[PDB]
Amino acid sequence: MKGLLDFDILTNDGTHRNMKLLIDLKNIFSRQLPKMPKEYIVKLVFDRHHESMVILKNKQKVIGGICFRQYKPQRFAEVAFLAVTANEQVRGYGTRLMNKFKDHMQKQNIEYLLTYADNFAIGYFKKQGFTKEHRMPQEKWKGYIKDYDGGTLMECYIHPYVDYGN
Ligand SMILES: CC(C)(COP(=O)(O)OP(=O)(O)OC[C@H]1O[C@@H](n2cnc3c(N)ncnc32)[C@H](O)[C@@H]1OP(=O)(O)O)[C@@H](O)C(=O)NCCC(=O)NCCS
């Protein structure tokens, strides 16, 4: 594992240091992301407890990170979103999370991911493995649940025995 970067598992339990960093992630996304609905990332990022992995460009200097939580009886999952802060990206960190996200997506047994990704995260997701397009027409984008108007109903099919990292 090459890279001096530091990652951390945060939660919205309401501790203290976890919040400050968790906050960074929320603004980071909604920030670079065309004024995307803040409450959205906030909802998924602070959707009760939940688990997330951030980045640290100085041991505690948040820069990137992804947050999410899959549903068991639902067999579906939602991602708070991944993304490095503005003029902090283009360094090679974010991708480290997106992949870490997949490894976990399999450790939870949930493969039916979901989000309201826009052309921005769209291509960015389809690039890291995700799939913005589904067997059904895009016209069915409305109905993915949570958040109304903002991006596009994206999904991440976490098929079994897939080459994600393990
Ligand atoms: C997406 C991201 C994790 C990847 O960063 P990266 O691939 O290492 O490098 P980036 O190219 O993103 O670096 C930033 C610049 O590249 C562009 N860029 C942003 N996100 C990008 C991405 N996913 N892929 C390629 N280029 C991207 C931007 O124009 C940005 O311009 P600026 O910094 O001069 O204002 C990170 O750049 C980010 O958080 N961007 C904003 C959030 C976003 O787009 N989220 C959706 C993806 S899930």
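Residue labels reflect position in each chain's written sequence, counted from 1, rather than necessarily the entry's numbering. Residues lacking coordinates are not shown. Based on all heavy atoms of the structure, the side-chain values leave hydrogens and waters out of the count.

Caption draft 1: Fine view of the side chain of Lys102. Every helix listed is a DSSP run of H or I at least four residues long, and every strand listed is a run of E at least two residues long, numbered separately from the N terminus. Mapped onto the elements of the fold, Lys102 is located in helix 3 (residues 94-107). One buried charge, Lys102, has no salt-bridge partner; the nearest side chain with opposite charge is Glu155, at 9.5 Å. In this analysis, two residues are considered to be in contact whenever any of their non-hydrogen atoms come within 4.5 Å of each other. Apart from residues lying up to four places away in sequence, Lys102 is in contact with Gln128, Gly129, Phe130, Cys156 and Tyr164. Three exposure classes are used, based on accessible area relative to the maximum for each residue type with a 1.4 Å probe and protein chains only: buried under 20%, partly exposed in between, and exposed over 50%. Charged residues are defined narrowly, with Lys and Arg counted positive, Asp and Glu counted negative, and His plus the chain ends left uncounted. Between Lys or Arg on one side and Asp or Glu on the other, a salt bridge is scored when a side-chain nitrogen of the former is within 4 Å of a carboxyl oxygen of the latter.

Caption draft 2: Just the pairing of strand 3 (residues 65-70), in detail. Taking burial as the measure, the six residues of strand 3 include five buried ones, the bulk of the element. When DSSP finds at least two bridges between two strands, those strands are taken to pair. Bridge analysis of strand 2 (residues 51-56) against strand 3 gives four bridges, and the strand direction is antiparallel. Looking across to strand 3, one finds that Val54 is bridged to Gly65. In this sheet, strand 4 (residues 77-82) lies alongside strand 3 in antiparallel orientation, the contact comprising five bridges. Bridge pairing in strand 4 places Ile66 opposite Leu82. Where strand 3 folds back on strand 4, the antiparallel hairpin that results is connected by six residues, among which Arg75 adopts a positive phi of roughly 65°.

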